[PDB]
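K.L.:
Would you be able to build a 3D model of this:
(8 chains)
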Amino acid sequence: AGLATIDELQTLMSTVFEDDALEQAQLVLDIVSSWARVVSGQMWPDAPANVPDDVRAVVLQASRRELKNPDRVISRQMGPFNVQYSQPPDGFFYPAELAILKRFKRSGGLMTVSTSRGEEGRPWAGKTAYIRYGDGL
Amino acid sequence: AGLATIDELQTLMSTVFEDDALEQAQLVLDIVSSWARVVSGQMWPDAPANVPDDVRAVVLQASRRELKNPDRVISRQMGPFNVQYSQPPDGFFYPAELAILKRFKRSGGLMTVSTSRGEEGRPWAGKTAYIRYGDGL
Amino acid sequence: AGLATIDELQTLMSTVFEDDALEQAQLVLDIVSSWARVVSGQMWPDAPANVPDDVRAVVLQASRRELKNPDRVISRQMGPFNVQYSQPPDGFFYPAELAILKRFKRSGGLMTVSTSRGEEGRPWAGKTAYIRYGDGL
Amino acid sequence: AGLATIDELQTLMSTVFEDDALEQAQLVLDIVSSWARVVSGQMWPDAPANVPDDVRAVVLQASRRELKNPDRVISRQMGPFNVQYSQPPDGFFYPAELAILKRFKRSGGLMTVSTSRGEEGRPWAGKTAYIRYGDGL
Amino acid sequence: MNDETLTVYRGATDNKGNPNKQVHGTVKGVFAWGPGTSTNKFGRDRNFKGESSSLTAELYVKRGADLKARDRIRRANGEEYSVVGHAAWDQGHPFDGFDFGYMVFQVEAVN
Amino acid sequence: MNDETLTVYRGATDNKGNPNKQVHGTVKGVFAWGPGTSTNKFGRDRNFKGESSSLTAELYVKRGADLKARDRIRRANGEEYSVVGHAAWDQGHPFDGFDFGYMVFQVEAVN
Amino acid sequence: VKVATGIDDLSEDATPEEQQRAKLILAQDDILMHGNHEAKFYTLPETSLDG
Amino acid sequence: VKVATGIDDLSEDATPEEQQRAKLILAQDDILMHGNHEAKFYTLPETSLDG
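P.N.:
Residues are numbered from 1 along each chain as shown, chains lettered A, B, ... in the order given. For reference, the structure is listed below:
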């Protein structure tokens, strides 16, 4: 249940995955979708149906990065050919993509943990030794 | 529903997209439009009609960057030919382009989250034990 | 509605734009004009008529930079020919050009956002229970 | 009891482990699973059944990194072929992958250690010399 | 990319030596006049009663293109070249399998 | 690695000069068309009534492979090469004894 | 005035109307936290009122 | 207000309802700790109330 269909990935990469290249791409899409679900905190039940457009964009970009550069190289040389890549993301998403995914969290990402001193608390204490004198209503 | 038409992108890039290049360019334009909608916070109903000119400019620039350099290289060499690119943007837009998009948010980007102490609040307390003595108006 | 005419750009670049290059140059001029309008905050109604000279200069320089170096390279080498460019501007304008465009903003760029505590305010309160005794003037 | 099956690793790597390459891959997967179990603090009883998707993704990525680059090289040059890998992770997981694994800890990773002054404590002291005078209930 | 359209002439020399070359079609490739920051030098036979020069260059073309050895190519400039040898670096990266997408053809100027 | 399957032909030329070459098996090796950022140039005899070209390249193969000198190799592309000389750098690092795991063969194009 | 910088912006999904103010609970026991290590929390001083 | 920055976010596994507030015990003897060395713990000052 990937957040983006394999057809969108094929259109973005201008390729057609065939034979074993299709299962690898599907697994990469599922991995990126799981990472996006964990980071954003929104477990989309219908993964391809109600997924937002920007979430699909982030998932597609991360999947393309993982498929084209799985080993995260910085340079490649083969004879007269050469290519130098930028610094890869720490995980799957660049900080801008992480900010896009994290937009579903409320209060601007501020989370609070409630602390306790270990004491249970008995608000009814003091009122226990109470005897009813009167009519009774 | 891209924020800029494919014809504007073709004019800017001085090219014509045919067959698979057209669908890839349209997908890239839609992705950039979704990112711009998220960043600016404005969901334009009619994407090509009432989109502002600067938003179209930012979307076109980001789409051209994504189409010409999808893998985000810094340098590539092939025989006697060599080119070195500047540092790619963190996501899709450079900080100036992010500032242009963020111009639709009011108060200069200042946002406030209201906090609560968890207490419900009963302003009517103390007034409950009230008996009406008099004529009654 | 560009801030600078295409003839001025042709004179500055010492070139003549033909088909598939006149349209691209016009689009670049319009894009830079929209960016300048957004940055300066002055929507010039008659774009080529009453535009200031320095605004035209900024637009022309930015358009020339965009047309000659659209992909923002740092270096380019082909055989025995090499060229090394300076660091490109963050968006379209260098900080001096941004300062020139911002000269139309008042108070040296200082802006104040008025805040409120959420209370409506009833100045007429207290004067409501007022009965007029006397002649009445 | 690896957290991810060898079939998922084969699909991700688009290979088929045979003979000795299968036992090495299984050992690497088990090692990465032990690292993940220790870091996350969750000892999954059924390793492939109830393991979360993101944990599977992290384990698969770490196993692929360990199998493809066991000796953690930065560069490698054989004749006209060269490659330059980015900085390897400190252990098995990058900081983002460590954050993903640490999501199962509560209170945002904050842990408190209770201290003592070495004194035992006798709350019953003072009440020891107590003689019951009265009816006795 | 910039590229350059060329006119390919594919044929097979029979047993008697008659060149049967006909227009196979077109191909787009990037000419390289040197292996780096220099240019290849034109050579002369010095025993030919003429002014013909010989040059060897390179043609970077996309992998899987419709160009082969012994396939004459004519540019729009009128220059004619003969593709000598097979394609070079028509392979993935040995360490990864990365496809740079281009293979270099050695071309000898024949005009 | 990416590698490439090749068909080896091992045999011994007898005293009368009759080549006796038969399919010995297969070997996987990486073809290098140059020692670095350049390509080896094809050459011609100029005295042969034909269009045959000469080329020398390298074949990086794992140490201990089933390949020797005077052992013709044919690729799946139909190209045939003759392995000339022994393997090079089939030795551990002098300082440490480290094994890079690969030895380079010199191959001359025979087609 | 409690001030937060470097927090994850673009949140609340294009902040709507119809309440939507979850009113983050900040009591005496709560510890305010943010994942980003570049985020800064501080307060702006207030006027004395004695003058 | 006790403030923590640089802590491990994404925790509590998509923070649910039905209690789930373990209410981390922070008494006088407890020492609050975090594994990350980039984490910062500090407090925001409070109003004087004398004015």
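K.L.:
residue contacts, the residue nearest the centre of chain A?
P.N.:
Closest to where the C-alpha atoms of chain A average out (CA atoms, centre = their mean) is residue A:36, at 2.2 Å. By CB atoms under 8 Å, 6 or more residues apart in numbering or on different chains, the residues touching residue A:36 are A:3, A:55, A:58-59, A:62, A:93, A:101. All C-beta atoms are positioned from the backbone trio N, CA, C, and that covers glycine.
K.L.:
Going by neighbour count, which residues of the helix or strand encompassing it are buried?
P.N.:
Per DSSP states H and E: residue A:36 is located in helix A:20-40. By neighbour count on 16 or more other CB atoms under 10 Å in any protein chain shown, the buried set for helix A:20-40 is A:23-40.
K.L.:
Now do it: distance to the chain's middle.
P.N.:
11 Å (CA atoms, centre = their mean, to the nearest Å).
K.L.:
Name the next helix or strand following that helix along the chain.
P.N.:
Sequence-wise, the next helix or strand downstream of helix A:20-40 (DSSP H and E) is helix A:53-68.
K.L.:
Would you mind writing the CA trace of that following helix as CSV?
P.N.:
C-alpha atoms of helix A:53-68 as CSV (Å, rounded to 0.1, in the frame of the first residue of the first chain):
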residue,chain,number,x,y,z
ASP,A,53,-0.5,15.7,-3.5
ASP,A,54,2.6,17.0,-1.7
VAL,A,55,2.9,13.7,0.2
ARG,A,56,2.9,11.9,-3.1
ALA,A,57,5.5,14.3,-4.5
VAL,A,58,7.8,13.7,-1.5
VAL,A,59,7.3,9.9,-1.7
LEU,A,60,8.0,10.0,-5.5
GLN,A,61,11.2,12.1,-5.1
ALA,A,62,12.5,9.9,-2.3
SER,A,63,11.8,6.7,-4.3
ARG,A,64,13.5,8.1,-7.3
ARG,A,65,16.5,9.0,-5.2
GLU,A,66,16.6,5.6,-3.6
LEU,A,67,16.3,3.7,-7.0
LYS,A,68,18.8,5.8,-8.9
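K.L.:
right, is it up against chain B?
P.N.:
Yes - applying CB under 8 Å from any CB of the partner chain, one finds helix A:53-68 in contact with chain B at A:53-54, A:56-57, A:60-61, A:64, A:68.
K.L.:
measure the residue nearest to the centre of chain A to residue C:22 for me?
P.N.:
44 Å (CB to CB, to the nearest Å).
K.L.:
And for residue A:72?
P.N.:
Taking CB to CB as the criterion, residue A:72 is separated from residue C:22 by 44 Å.
K.L.:
try residue E:81
P.N.:
Counting by CB to CB - residue E:81 and residue C:22 are separated by 36 Å.
K.L.:
for residue A:136, same thing?
P.N.:
Taking CB to CB, one finds residue A:136 at 98 Å from residue C:22.
K.L.:
And the residue of chain A closest to chain F?
P.N.:
Closest residue of chain A to chain F, CB to the nearest CB: residue A:80 (5.1 Å).
K.L.:
Based on its surroundings, how many neighbours for the spatially closest residue to residue E:66 that is not a sequence neighbour?
P.N.:
Closest residue in space to residue E:66, ignoring its immediate chain neighbours: residue E:27 at 5.7 Å, by CB to CB, 6 or more residues apart in numbering or on different chains. Counted with other CB atoms under 10 Å in any protein chain shown, the neighbours of residue E:27 add up to 21.
K.L.:
Now for residue E:27: which residues touch it?
P.N.:
By CB under 8 Å, 6+ apart, the contact list for residue E:27 reads E:5-6, E:8, E:61, E:65-67, E:73.
K.L.:
do residue G:16 as well
P.N.:
Neighbour list for residue G:16: empty [criterion: CB under 8 Å, 6+ apart].
K.L.:
and it, helix, strand or coil?
P.N.:
What DSSP: H, G, I helix; E, B strand; the rest coil gives for residue G:16 is coil.
K.L.:
And for residue G:41?
P.N.:
Of the three states, residue G:41 takes strand under three-state DSSP.
K.L.:
ok, it to chain E distance?
P.N.:
Here residue G:41 is placed at a distance of 45 Å from chain E (CB to the nearest CB, to the nearest Å).
K.L.:
excluding its backbone neighbours, what's nearest that residue?
P.N.:
Excluding the flanking residues, the one nearest residue G:41 by CB to CB, 6+ apart is residue H:3, at 4.5 Å.
K.L.:
Can you name the residues of chain A that neighbour chain D?
P.N.:
Counting by CB under 8 Å from any CB, the residues of chain A close to chain D are A:20-21, A:23-24, A:27-28, A:30-31, A:34-35, A:37-38, A:70-79, A:87-92, A:111, A:113.
K.L.:
Check those one by one and keep those near chain E.
P.N.:
Among the residues of chain A next to chain D, the ones lying near chain E by CB under 8 Å from any CB are A:71, A:73, A:76, A:78-79.
K.L.:
quick one, what contacts the residue of chain A found nearest chain B?
P.N.:
Using CB to the nearest CB, the single residue of chain A nearest to chain B is residue A:96, 2.7 Å away. Contact analysis of residue A:96 by CB under 8 Å, 6+ apart lists B:89-92.
K.L.:
Drop anything exposed from these.
P.N.:
For the contacts of residue A:96, buried by 16+ other CB under 10 Å: B:89, B:91-92.
K.L.:
all helices for chain G, in order.
P.N.:
Counting by DSSP state H, chain G has no helices to list.
K.L.:
beta partners of residue A:75?
P.N.:
Here residue A:75 sits in beta bridges with residue A:84, residue D:84, going by DSSP bridges.
K.L.:
cool, residue G:40 as well?
P.N.:
residue G:5.
K.L.:
ok, it - how many residues close by?
P.N.:
By other CB under 10 Å, the residues close to residue G:40 number 15.
K.L.:
what's the spacing between it and residue G:30?
P.N.:
19 Å.
K.L.:
quick one on the thing from earlier: redo the buried ones among the contacts of residue A:96 as JSON lines? Include secondary structure and distance to residue D:129.
P.N.:
Shown next, in JSON lines, are these (DSSP: H, G, I helix; E, B strand; the rest coil; distance: CB to CB, whole Å):
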{"residue": "B:89", "secondary structure": "coil", "distance to residue D:129": "80"}
{"residue": "B:91", "secondary structure": "coil", "distance to residue D:129": "76"}
{"residue": "B:92", "secondary structure": "coil", "distance to residue D:129": "80"}
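K.L.:
quick one: which of the ones next to chain E among the residues of chain A next to chain D is nearest to residue B:118?
P.N.:
The closest of these to residue B:118 turns out to be residue A:71 (CB to CB; 50.2 Å).
K.L.:
Tell me the secondary structure at that closest one.
P.N.:
Per three-state DSSP, residue A:71 ends up coil.
K.L.:
Contact partners for the residue of chain E at minimum distance from chain A?
P.N.:
Closest residue of chain E to chain A, CB to the nearest CB: residue E:100 (4.4 Å). Going by CB under 8 Å, 6+ apart, residue E:100 touches A:76, A:78, A:81, A:83, B:78, E:89, E:93.
K.L.:
if you set the cut-off to 10 Å instead, what comes out?
P.N.:
By CB atoms under 10 Å, 6 or more residues apart in numbering or on different chains, the residues touching residue E:100 are A:76-83, B:76, B:78, E:63, E:89, E:91-93.
K.L.:
returning to what we had before: so how do I select the buried members of the contacts of residue E:27 in PyMOL?
P.N.:
In PyMOL, this line selects whichever of the contacts of residue E:27 come out buried by 16+ other CB under 10 Å:
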select buried, chain E and resi 6+8+61+65+67+73
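K.L.:
Could you dump the contacts of residue E:27 into a markdown table and include distance to residue B:46 and secondary structure?
P.N.:
Below are these laid out as a markdown table (distance: CB to CB, whole Å; DSSP: H, G, I helix; E, B strand; the rest coil):
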| residue | distance to residue B:46 | secondary structure |
| --- | --- | --- |
| E:5 | 42 | strand |
| E:6 | 47 | strand |
| E:8 | 50 | strand |
| E:61 | 45 | strand |
| E:65 | 44 | coil |
| E:66 | 46 | coil |
| E:67 | 49 | coil |
| E:73 | 51 | strand |
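K.L.:
closest to residue B:14 among the contacts of residue E:27?
P.N.:
The nearest one, if we look at the contacts of residue E:27 relative to residue B:14 and count by CB to CB, is residue E:5, at 17.9 Å.
K.L.:
Right, I'll leave it there.
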